[PDB]
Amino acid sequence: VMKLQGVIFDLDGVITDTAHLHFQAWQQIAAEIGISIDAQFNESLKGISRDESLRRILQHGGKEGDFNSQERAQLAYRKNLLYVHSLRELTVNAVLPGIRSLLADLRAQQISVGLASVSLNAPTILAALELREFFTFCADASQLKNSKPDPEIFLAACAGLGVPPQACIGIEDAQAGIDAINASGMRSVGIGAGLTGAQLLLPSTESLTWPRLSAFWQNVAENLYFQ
């Protein structure tokens, strides 16, 4: 059996959820220019670029004509600033169920732990969650050329851990993330119903335990022709 050398984690939707904080920042910037948006409006911002998100908010309040590209840039700066402050305010209680105990178990088993997050705010987030001590290496999102589903960020995490991708498990909650893990050569674990292409599919982070990951590893890593 090939030895498991690393377990590499996506951040959003696996370690913690940042979606509500993104919306709350947009809602605050909107309110500061006299526009009311709600969680129902936030569906219109789901999977949308930063510039188009702001434009949709402006359209919603009939205010596209009141801001040029430079002034919109200033609104976007403030929105991001408020968002990052909210990340620094996260507590240990924002970690998803099962995650802290799994990280503790991996470290007790001397398994190296990687982070493959595309967020430039990842270190700020892990610090707030009080989880930095569990990670061996975190990929640098500021150096990323292609986001998921390109395997780059996962390949970067593996290289940082100093091991080949096939000696690692990757954990994701999104299809583009599963696709990126698969394309990199890593063994894929998905969190959430509906994901396809995962070698191990779990319904939530609570199902994510060391004994389960270890059993999964022993199953997929075995090769009669290496006995």
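Note that residue numbering follows the sequence shown and begins at 1.
message = If you average the CA temperature factors as listed in the entry, which stretch comes out higher, 72 to 80 or 136 to 144?
response = On average, C-alpha B-factors are higher across 136 to 144.
key: 51 to 59 or 173 to 181, whichever carries the higher mean Cα B-factor   = For C-alpha atoms only, the mean B-factor is higher in 51 to 59.
query = Highest Cα B-factor in the deposition, which of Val163, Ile35, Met186, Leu201?
reply = Largest recorded C-alpha B-factor: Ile35.
task = Determine which member of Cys168, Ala30, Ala159, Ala193 has the highest CA B-factor, using the values in the deposited entry.
result = It is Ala193.
task = Rank-wise, by C-alpha B-factor, drop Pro151 into the lowest, middle or highest third of its chain.
result = For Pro151, the deposited C-alpha B-factor lands in the lowest third.
query = Can you tell me which third, lowest, middle or highest, the CA B-factor of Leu87 falls into for its chain?
reply = Its C-alpha B-factor, which the entry lists for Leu87, ranks in the middle third among residues of this chain.
query = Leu21: which third of its chain by C-alpha temperature factor?
reply = Highest third - that is where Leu21 ends up once the chain's C-alpha B-factors are sorted.
key: Ranked C-alpha temperature factor of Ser112 among modelled chain residues, by third   = Tercile = lowest for this residue's CA B-factor.
task = Looking at the entry's B-factor column for C-alpha atoms only, identify whether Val7 ranks in the lowest, middle or highest third of its chain.
result = Its C-alpha B-factor belongs to the lowest third of this chain's values.
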